[PDB]
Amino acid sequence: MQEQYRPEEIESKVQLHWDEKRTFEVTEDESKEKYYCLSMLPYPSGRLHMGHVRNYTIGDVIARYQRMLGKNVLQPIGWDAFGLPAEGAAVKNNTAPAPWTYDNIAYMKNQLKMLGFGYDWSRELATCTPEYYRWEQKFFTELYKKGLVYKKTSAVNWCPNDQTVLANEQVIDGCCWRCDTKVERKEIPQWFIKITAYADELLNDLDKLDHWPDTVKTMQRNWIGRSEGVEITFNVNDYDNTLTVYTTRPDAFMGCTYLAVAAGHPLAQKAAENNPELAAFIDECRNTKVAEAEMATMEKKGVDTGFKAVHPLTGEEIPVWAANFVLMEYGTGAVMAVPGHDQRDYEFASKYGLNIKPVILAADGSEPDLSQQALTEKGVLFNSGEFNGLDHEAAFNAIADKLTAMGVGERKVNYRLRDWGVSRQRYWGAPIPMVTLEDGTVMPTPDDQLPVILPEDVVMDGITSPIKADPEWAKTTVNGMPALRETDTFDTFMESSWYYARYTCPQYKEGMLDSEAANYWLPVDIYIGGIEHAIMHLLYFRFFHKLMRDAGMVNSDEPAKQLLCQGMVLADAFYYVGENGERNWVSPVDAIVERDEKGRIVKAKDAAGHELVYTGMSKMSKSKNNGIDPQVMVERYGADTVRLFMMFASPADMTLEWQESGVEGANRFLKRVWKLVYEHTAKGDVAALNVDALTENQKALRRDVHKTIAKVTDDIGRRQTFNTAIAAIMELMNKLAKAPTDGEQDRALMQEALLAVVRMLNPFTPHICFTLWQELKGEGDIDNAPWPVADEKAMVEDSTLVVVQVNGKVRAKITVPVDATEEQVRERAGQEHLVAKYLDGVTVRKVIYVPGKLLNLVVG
């Protein structure tokens, strides 16, 4: 051990020890108690960023902590390799997406090894390899034969000049990011998986997930959006078909003055042949991007179709209107608009001058004033024929039962949740195992012809996929006849839905899962990911677990016991307009900035000489080009210093605006720990610690040692507040510096403390603590060492602080015995001059007393 702390010599040497000895390689050991510490696998974009390092340090801190308790901890790492950014990068850099991805896997693997995350590298997966995606292709064909898969048409962003399907990210300002030509909706046939079949199970089992956070669970409820209502069919005068609409408020059905309809609905298509104005409005609605954000933000417009739907109860002819705000996907592509008691319909009715009929009385029991706004609340009915006087309960059921008796309506459970559309029409993805025969019949790819291997070695023009462009690739022979297999590929969420299960048996050749191995590890004890994946991924992840359960693969109903959704790591994001309107995103490192007096950014110029558009703070990513590479800080300060800084700066769940300020405290702290152990070990081996033969300062120091162990254990294990745990050890270390190491009992006590501190820091800074553990003559490696347990008799308090208050303001503070009555606390508090100052010439009205904590005195 040198006097100076030099990471570059220590860290890589300890990293080699873990690889050669295979410290974090684990098997299904029935003797040890199991623990699955899963962190969400990354997309190999190129470099790591401080978002990644936060996620994986949190996981590694938990994984090393649970090992030291004495459990067989599985912390796996893999690569969610398929994706869009590979194709964009491959075309620009003149490569194929496969070798580009494998380079980025190789680079980031070495960056993860540098950071020293104790992963099981024998279980390493890559989702782009056919050894992985063969099983999901086999799984997909089974789901089709169960009837959970079905084909239907779906809206897609389509640049008509290129003849290519764009993503939501690839559209910007309602325009194509490559070329100058506007995007439009194209209805295209695609494969869907019935996630709505498991909607009630996904909704109900949130109540059993008590160790998941209410933030994530509440978002998933609202996303699913279960809804009990009524379907109501209408007749339309000069129109051969009928219009069904969904509604949760059939009580207000008598106030339905019109019917709003979506743009692509066949009634609007039929009306637009004759009507020239509606033809212009439908073609305007083609420009509407496939996104709910842009749908609600844009102005609510509409056109009268010409048709008149007959209202079943009243018998009145009401106008059917085409409108943008009505979604095609939710409901049935049409609604019963009650503008009197719906703020969205009120504005539509007031704009285009439609009738606003009131049918619900206000809470006072009177006719509501609908001059400024609609009455959204529920109440008694009026001006509603036979249904007058009924409250919401009776009004709902009476009109439902009437419409059920008439045979023009029925009760139905609806979900906001749509089915999982898995068809993508890009190259870099697992191909869908479906075959179109020469017959015309569509059936699954046979088991002998699985997997449908995606050819890695290809050349991409950028417009069209090579497997689509080449006519030879699609050819096959099924059931003794020519056939064309599906050139569309899976959604990338498909691969990341079941990877957690595959980690348990990743080299299992004989099936999708080795259930003996899977049921040992599963379910997952802690799942560490970003808050971004609260809904989309986690809902698929849960859904896919339930499918594997229903195929007899896994025991549990839920995949993960505990969820730790960490907050995003934010960074500044800049860009400039290119010559062909191309958004070239510039990094914060390259941006030259002039700031505001408050703190905000005002001007922004890149190194070359372009006026940068400052978008704002946003999540670190390859897309916005705002990720900060840890490699620079790791080289300078060391992985331990970077790792400690990430955990110390902010609590896991809260978001973090990134800045390097604060690292120097983490660096200096680790030098102080190194220094104190150097000074301690230099004096030689210590005496055996006599517990009941210490001074009061030694007893108080030992109290703080075991109290820190109690706090650090609680803060990590129960709370996951790592910032408070690391701060608690800094307090103890600051106290241990001032402690005099003269006598043998002082050094005996300094041994116990330093053994505890090095073990408590180990999950955060494992490289430095591996070295310090050996230097203190600890048994074996620190990785396998037992986690320190706090002694109850050491933490005993004889006295306690009591804060004296006068009208809720602190005037004095006093030390009192723990078993002291309220009379003794008042008499003791009265002796303080600042307390006696505000009690002269006034009557004590009330005396509140929190036992051994606080004493307020209300004064008159």
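Numbering starts at 1 and follows the sequence shown.
- A summary of the deposited B-factors shows that, of 247 to 255 and 589 to 597, the stretch with the larger mean C-alpha value is 589 to 597.
- A summary of the deposited B-factors shows that, of 323 to 331 and 122 to 130, the stretch with the larger mean C-alpha value is 323 to 331.
- Note on the listed residues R426, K546, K378, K217: the highest Cα temperature factor in the record is that of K378.
- Of all the options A280, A534, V413, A756, the entry's greatest CA B-factor is assigned to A280.
- Per the PDB record, residue ranking by Cα B-factor puts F307 in the middle third of the chain.
- The entry lists a Cα temperature factor for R502 that places it in the lowest third of the chain's modelled residues.
- In the deposited entry, the Cα temperature factor of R828 places it in the highest third of its chain's modelled residues.
- Ranked against the other modelled residues of its chain, the C-alpha B-factor of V634 as given in the entry falls in the middle third.
- Residue-level temperature factors show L41 in the lowest third of its chain, judged at the C-alpha atom.
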